[PDB]
């Protein structure tokens, strides 16, 4: 009676103006309830002042509080439980201005 995680809503690509808040969202189900983790260009993200991990029911979001140009890239959500793991990926583009 246990099931590996299923993404009901996979992460979507996003375009965000530098300095604004960016949020990436998935909807996930599984038994046991799946743990959700996030990666940026292949590296697992850990707790930080720069982003928040939030959940509501089955919905999970990664919130990037004040986007920098360097936040542009490929983000991967991973759902994990005792019976499996699943990953979905999207690209966050940061529309920046400046010198350099």
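Numbering follows the first chain given and starts at 1.
A.B. asks: Please work out which of 51 to 59 and 71 to 79 has the higher mean CA B-factor as recorded in the PDB entry.
C.D. replies: In the deposited entry, the stretch with the higher C-alpha B-factor mean is 51 to 59.
A.B. asks: Among the chain's modelled residues, which third holds the C-alpha B-factor of residue 64?
C.D. replies: It belongs to the middle third of the chain when residues are ordered by C-alpha B-factor.
A.B. asks: Which third of the chain holds residue 89 when residues are ordered by C-alpha B factor: lowest, middle or highest?
C.D. replies: Answer is lowest: the recorded C-alpha B-factor places it there.
A.B. asks: Which third, lowest, middle or highest, does the C-alpha temperature factor of residue 25 belong to within its own chain?
C.D. replies: CA B-factor rank for residue 25: lowest third.
A.B. asks: Taking the C-alpha B-factors as the PDB entry records them, is residue 36 in the lowest, middle or highest third of its chain?
C.D. replies: As the PDB entry reports it, the C-alpha B-factor of residue 36 lands in the lowest third of its chain.
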